[PDB]
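> before the rest arrives, take these chain(s) from the complex:
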Amino acid sequence: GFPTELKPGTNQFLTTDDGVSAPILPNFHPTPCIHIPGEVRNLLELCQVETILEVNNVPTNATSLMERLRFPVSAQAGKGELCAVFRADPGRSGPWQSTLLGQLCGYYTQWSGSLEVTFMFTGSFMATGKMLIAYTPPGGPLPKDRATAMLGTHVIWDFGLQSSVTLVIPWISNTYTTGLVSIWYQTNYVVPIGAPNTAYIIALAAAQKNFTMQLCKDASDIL
Amino acid sequence: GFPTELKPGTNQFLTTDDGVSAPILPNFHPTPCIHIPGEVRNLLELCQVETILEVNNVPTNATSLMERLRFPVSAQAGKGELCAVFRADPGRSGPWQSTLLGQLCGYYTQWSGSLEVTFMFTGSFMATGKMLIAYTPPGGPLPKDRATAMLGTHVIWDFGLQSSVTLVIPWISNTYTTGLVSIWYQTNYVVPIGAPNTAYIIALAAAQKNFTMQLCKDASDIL
Amino acid sequence: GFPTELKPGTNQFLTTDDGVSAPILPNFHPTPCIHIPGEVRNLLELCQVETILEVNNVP
Amino acid sequence: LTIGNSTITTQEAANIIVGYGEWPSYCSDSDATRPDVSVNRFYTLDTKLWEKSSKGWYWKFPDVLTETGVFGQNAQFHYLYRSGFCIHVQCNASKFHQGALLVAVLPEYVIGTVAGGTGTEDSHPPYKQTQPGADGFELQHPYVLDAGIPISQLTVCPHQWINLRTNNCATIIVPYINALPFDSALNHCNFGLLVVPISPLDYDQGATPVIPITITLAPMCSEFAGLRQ
Amino acid sequence: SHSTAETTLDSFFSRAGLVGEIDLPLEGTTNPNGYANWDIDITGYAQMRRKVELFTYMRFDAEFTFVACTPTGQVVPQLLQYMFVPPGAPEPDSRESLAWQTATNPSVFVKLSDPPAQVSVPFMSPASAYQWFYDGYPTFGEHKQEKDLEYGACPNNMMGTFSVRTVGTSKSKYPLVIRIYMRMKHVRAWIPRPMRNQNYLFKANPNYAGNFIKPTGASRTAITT
């Protein structure tokens, strides 16, 4: 009875449409939601939880899958280099995808931020020494030597102080693709007579406030 | 004349839809509803009315259907056991479906609550004795003996006091399927010379405030 | 449920029509537009700019 | 703590963690006796053999305590039970010992048995596989915990890390956490205790090859309740 | 749900249930004249009868829908109109009866692409409440010397009937199947009666069988549970 010409897009079906229809049960009402002690309103608080990282993914056979979780340190190495932490890319395959944060970012496309890698010392009681952490800016290649790592940004890590580590940016410019953080052996691990010459170290990573994503898209590679 | 694209679900037909259309008689108006003395606004008040229960459904032939309504008590039994009241399940077949409350709950699915079974004593005038009622918590099996019933929750019933019976819960836990209430012969029915040795007892059940249903669904088994 | 007769021009398609529809991404929101120093709000200011003219188009 | 004849010393300068920082609340629905004289004494679970080849231990709660202990015998009377748990893990090591143990509590930890062959056809767990009693069973492959649950994802739930360097003992208070305040006692598995070491025990020859690890528990909120059935 | 508004009488009783199918084949004996009349019988279908037999007197509004389709589920471009005949007007007997000319009923022009129309009739019964069995003597006189056939008869209690016919001079070339869905909206209880336990044998009389049965005899003995 009211004048209206057929406008385009009335019977159109949308994949992302959000509409409301009459309930199938206009008389049976759902029970009220009771209070439960365990309560979470945003999954993001769970998203920035700390996660362990599996570094030693070098083996592949089933006969050596048990020691993947932890990696050893050896005193045989002297003034050498243990391992270079891979580029902080939650999307690229490797140890990153094994992490919960990597599985989170596996459904997204872009990610930009500054990452910190914390280490807690687990040597012997009488063990002493100095271990040195250094970060390399993006674009620049891997440092050639311990001296090459030292001539850039450098952070002193003492074995008696655990959490003093902080993220310091090398430099900012005004404009491989991304840089990586590496560890070098400043002093070989030394123990006296009667103490074991090997130990294990644990690596853990977390998410900062500046970590965000802008676009959501449904993309799962596995399975 | 007004822009509008065809939205999904315009000509959709719903089973539970509630709509209003123009009356077939826009000029003939129905007569006003006059006041009548008999008046009920909610059928629930009728729903929690008291109902009689038919216990002795043991016979099945047409030649014994007359005494179904009442059951006798005999003095020949001494320190025995008359009958175990069936589990309070209005849905399961048996004496429960014969009740109005059972017919009510026959159209629903779930029901949870605590039930009380009241007995009014109808022995002889000079008859005396003590009769004992005891409830068994769910999960636990039927008590083996009168002593087994006594060692649990127990309620003393005197023949001079009729309505003192009340519902007392055995115990609450923090987690067959449901328990049943049973009656046991504490003292055999005794009458002196010149008095009859048999009598009849009546059983009645009602609904409490905590009795509710959440979901409605049309399901009739008969016919 | 509401009375309405089919008025002319409901399903009509117009070349110059300007309508709005639901976004394809109701949960992914575009990033806010940040401030940049170079800024123009009307192209007309560029329209009345001075221009050189090529007279000798004889060859 | 000094309550009666009990006199023990513990360390109050440790990291006391509480799950979400919320004590259990009481229910007030209608869907339907706390002796602490001879039951409040501290119970010490049998010591486990912490050794280099030790893979870990698991325990179902309160399944293992249904009948085994005094908690078992006084739970055999009440149909329902609910109480808090006092986690008591301590490290006793010398200046020549090394290691790192990871202890966490996982609500609703489902157990998975072995199922080989090309065709998926499983049976039901038997009595001893469902509850082995106090004997326990050592995990064959803890890397996925003999249940298809890899260790890398155990951190998602509230957890804490054990470094024996500074602490001598660790006490964790986990409240009575459950989705339904009224639930079955002998049927539903509330949670389980998993102890998975990360750094294997290390020591030179000459020291004790096994470290006595102690697990102690106490009812924080003794409430049998329920009805006799 | 958590809110008690979902669990109210409106959602408990609001359910469009099947009442019957109108058989109008291409050829047949029942209605070869191209139309049919269906009296509105609530006692005809067992489950709705069992629902309404809990009460006696009540007050509700009636809304009707005519869902018509072929036995293959397809639609055809044929012109159809749904017209209700009031009880006062006599039911049409011939294809050209004057009962088709009731001016009181408005008409709506649509096509089968448009979903079926909705029609509502209020409580127009002369009495204040429904009564299917009439206890007493309809005659209001002293006549009790003849054969009183009026016992149980009620020539005043008809609520009317529906008249669905094929519009047009030409006979329809398609077979059709019509379905109708009913539900009660406004329910009130005035005079309660016991809810029936023994099956009825006839719809127009409360008569029963001579061989009564027992609702259930699963319990073999009172001792066993």
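Here it is on my side, so go on. Residues are numbered from 1 along each chain as shown, chains lettered A, B, ... in the order given.
> count of neighbours near residue A:86?
Using other Cβ atoms under 10 Å in any protein chain shown, residue A:86 has 15 other residues around it. C-beta here means a position set from N, CA and C on the backbone, and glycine is covered the same way.
> can you tell me which residues contact the residue lying closest to residue A:180 once chain neighbours are set aside?
Nearest non-adjacent residue to residue A:180, counting by Cβ to Cβ, 6 or more residues apart in numbering or on different chains: residue A:87, 4.7 Å away. With Cβ atoms under 8 Å, 6 or more residues apart in numbering or on different chains as the criterion, the residues that contact residue A:87 are A:176, A:178-180.
> which ones among these map onto helices?
Within the contacts of residue A:87, no residue falls in helices by DSSP state H.
> so what's the residue count around residue A:29?
Neighbours of residue A:29 (other Cβ under 10 Å): 20.
> ok, residues contacting stretch D:189-198?
By Cβ under 8 Å, 6+ apart, stretch D:189-198 touches A:69-70, A:200, A:202, D:54, D:56-63, D:89, D:99-109, D:142, D:145, D:151, D:154, D:177-178.
> check contacts around residue 71.
Answering for chain A, as no chain was given. Counting by Cβ under 8 Å, 6+ apart, residue A:71 has contacts A:55-56, A:200-201.
> actually chain E
Counting by Cβ under 8 Å, 6+ apart, residue E:71 has contacts E:175, E:177.
> how far away is it from residue E:146?
Distance, residue E:71 to residue E:146, by Cβ to Cβ, to the nearest Å: 51 Å.
> cool, and residue A:213?
94 Å.
> which one of the two has more residues nearby?
Neighbour count, other Cβ under 10 Å: between residue A:213 and residue E:146, residue A:213 has more, with 14 against 7.
> ok, that one touching residue A:110?
Yes. Residue A:213 lies in contact with residue A:110 (Cβ atoms under 8 Å); the separation is 7.2 Å.
> what residues does chain A put near chain E?
A:23, A:25-34 (Cβ under 8 Å from any Cβ of the partner chain).
> just the buried subset of the residues you listed, written out for PyMOL, thanks.
Buried members of those, defined by 16 or more other Cβ atoms under 10 Å in any protein chain shown, are picked up in PyMOL with:
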select buried, chain A and resi 25+26+27+28+29
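> looking at the contacts of residue A:71, which is nearest chain C?
residue A:55 (33.8 Å; Cβ to the nearest Cβ).
> dig out what the spatially closest residue to the closest one that is not a sequence neighbour forms beta bridges with.
Distance criterion Cβ to Cβ, 6+ apart; nearest residue to residue A:55, sequence neighbours excluded, is residue A:71 at 5.4 Å. Counting by DSSP bridges, residue A:71 is bridged to residue A:201.
> can you add chain F next? sequence is:
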Amino acid sequence: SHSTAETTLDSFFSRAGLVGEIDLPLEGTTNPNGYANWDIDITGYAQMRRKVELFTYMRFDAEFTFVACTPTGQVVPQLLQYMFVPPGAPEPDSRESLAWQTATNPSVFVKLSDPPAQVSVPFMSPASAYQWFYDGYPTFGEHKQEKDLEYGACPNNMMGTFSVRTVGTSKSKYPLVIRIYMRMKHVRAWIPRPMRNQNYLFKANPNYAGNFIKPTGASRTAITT
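One more chain to add, chain F, which I have set with the ones above:
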């Protein structure tokens, strides 16, 4: 975008994804009776199962749409009605079963020109949250002397099923293909669980294969990057 409202959970999770196709050919063995019942299984499709397995307990409302078309993408003038059977009512077994007569479900009369109807059902599960694997003993007694087949069984956890059938007495002469699109609107997290890394082998049990694999082994050596 610039506004953070576009990047919220509603747009992150609002996406109608395919759940399955209902095969109702002109002739066949699966459903030769002219109707079918499809149980609502969230674990059946891998990606939505992988999405929902991040959490355990949650609370959401369900909205269903029935998109039906021929394998050639054309429409036919056939009358169809979508009717849902409650779990309490038994699933219909025969073409003339009484389960088709549920009065609680209203009906809508439309044609295929009208786009598919939208139907919404709230959270009607008896429990407060979804649980697909039941840990414990469904029997609430001391019976542990027999063969306990109930371990993992839950005869109370069915959410119901859909009943789509060809309306009419005549058999449908057209083959049809039905597609259904699902998305969750209101999402809340109560009890987190680790997100699955190893592939499942069966849907009704958490069992796995005896030969475990590694998520990725691209990194040949730790030295190389």
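> the contacts of residue A:87 with chain F there, same question as before?
A:176, A:178-180, F:225.
> go with 10 Å
A:94, A:96, A:115, A:138, A:176-181, F:225 (Cβ atoms under 10 Å, 6 or more residues apart in numbering or on different chains).
> and the buried ones among those, selectable in ChimeraX?
This is how ChimeraX selects the buried members of the contacts of residue A:87, with burial counted by 16+ other Cβ under 10 Å:
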select /A:94,96,115,179,180,181
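> tell me the one of the contacts of residue A:87 nearest residue E:65?
residue A:96 (60.3 Å; Cβ to Cβ).
> picking that back up, pipe the contacts of residue A:87 into a markdown table and attach distance to residue E:105 per row.
Output for these, formatted as a markdown table (distance: Cβ to Cβ, whole Å):
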| residue | distance to residue E:105 |
| --- | --- |
| A:94 | 78 |
| A:96 | 75 |
| A:115 | 78 |
| A:138 | 82 |
| A:176 | 83 |
| A:177 | 79 |
| A:178 | 79 |
| A:179 | 84 |
| A:180 | 85 |
| A:181 | 86 |
| F:225 | 85 |
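> among the contacts of residue A:87, which two are most distant?
For those, the farthest-apart pair by Cβ to Cβ is A:94 and A:138; their separation is 18.1 Å.
> the residue of chain E found nearest chain C: how many residues sit nearby?
The minimum distance from chain E to chain C, using Cβ to the nearest Cβ, falls at residue E:118 (7.8 Å). Residue E:118: 16 surrounding residues under other Cβ under 10 Å.
> just the helices in chain E please.
E:9-13, E:46-52.
> my guess is the residue of chain E closest to chain C contacts residue B:23. True?
No. Contact criterion Cβ atoms under 10 Å: residue E:118 and residue B:23 do not qualify, at 11.3 Å.
> now for these two: what residues contact both?
residue E:63.
> tell me what the longest helix along chain D is packed against?
Longest helix of chain D, by residue count under DSSP H: helix D:70-75. Here helix D:70-75 touches no other helix or strand, going by 3 or more Cβ pairs under 10 Å, 6 or more residues apart in numbering or on different chains; DSSP states H and E.
> could I get the CA-only coordinates of that helix as PDB?
The C-alpha coordinates for helix D:70-75 follow below in PDB (Å, rounded to 0.1, in the frame of the first residue of the first chain):
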ATOM      1  CA  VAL D  70      41.600 -42.200  55.400                       C
ATOM      2  CA  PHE D  71      40.100 -39.700  52.900                       C
ATOM      3  CA  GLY D  72      39.000 -42.800  51.100                       C
ATOM      4  CA  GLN D  73      37.400 -44.500  54.100                       C
ATOM      5  CA  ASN D  74      35.500 -41.400  55.200                       C
ATOM      6  CA  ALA D  75      34.500 -40.700  51.600                       C
END
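> include chain G too:
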Amino acid sequence: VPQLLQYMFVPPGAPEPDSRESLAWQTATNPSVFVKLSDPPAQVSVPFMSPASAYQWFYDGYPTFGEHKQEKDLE
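So, slotting chain G in with the rest:
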């Protein structure tokens, strides 16, 4: 003609479908609308979702953000 058609957009993150039975057809993020050809064509709107702040069809510079200039730079 009475044929059933649906318009579905694939996000750049999701790969383009290669086969008729590819999993790219199963993107849950896109709602679906059921209509017929009698209904005029549907209207779909997408905002500016480009990662940059503005359009750029010709890219001047080196996409590689390293010092690699010894090989054949096809980028």
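> please look at the contacts of residue E:71 again, because chain G has been put in.
E:25, E:175-177, F:79, F:166-172.
> okay if I get those as CSV plus distance to residue F:93?
Listed next are these as CSV, based on distance: Cβ to Cβ, whole Å:
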residue, distance to residue F:93
E:25, 28
E:175, 27
E:176, 28
E:177, 22
F:79, 23
F:166, 17
F:167, 19
F:168, 20
F:169, 19
F:170, 22
F:171, 19
F:172, 20
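> please narrow the residues you listed to those residing in strands.
E:176-177, F:166 (DSSP state E).
> does residue D:197 count as helix, strand or coil?
strand (DSSP: H, G, I helix; E, B strand; the rest coil).
> picking up where we left off before, redo the ones in strands among the contacts of residue E:71 as TSV? Include distance to chain A.
Below are the ones in strands among the contacts of residue E:71 laid out as TSV (distance: Cβ to the nearest Cβ, whole Å):
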residue	distance to chain A
E:176	27
E:177	25
F:166	21
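> follow-up on the earlier one: buried ones among the contacts of residue E:71?
Among the contacts of residue E:71, those classed as buried by 16+ other Cβ under 10 Å are E:175-177, F:79, F:166-168, F:172.
> which of those residues lies closest to chain D?
Nearest to chain D among these, counting by Cβ to the nearest Cβ, is residue F:166 at 36.3 Å.
> contacting residues around the residue nearest to the spatial centre of chain E?
Nearest residue to the geometric centre of chain E (Cα atoms, centre = their mean): residue E:40, 2.8 Å. If you count contacts by Cβ under 10 Å, 6+ apart, residue E:40 has them with E:19, E:62, E:64, E:121, E:158-162, E:180, E:182.
> what about it, distance to chain A?
The gap separating residue E:40 from chain A is 24 Å, by Cβ to the nearest Cβ, to the nearest Å.
> what do you get for residue D:82?
Counting by Cβ to the nearest Cβ, the separation of residue D:82 from chain A is 13 Å.
> neighbours around residue 45, how many?
This is for chain A. Neighbour count of residue A:45, defined by other Cβ under 10 Å: 10.
> my question was about chain D
Neighbours around residue D:45, by other Cβ under 10 Å: 16.
> check residue E:184 too.
Using other Cβ under 10 Å as the criterion, the residues surrounding residue E:184 number 19.
> what residues of stretch D:73-80 count as buried?
Applying 16+ other Cβ under 10 Å to stretch D:73-80 flags D:75, D:78-80 as buried.
> repeat for stretch A:75-83
residue A:82.
> list of residues touching it?
Contacting residues not belonging to stretch A:75-83 are listed as A:55-56, A:58, A:71, A:73-74, A:127, A:131, A:143, A:145-146, A:149, A:182-191, A:196-199, A:201, A:203, F:221-223 [Cβ under 10 Å, 6+ apart].
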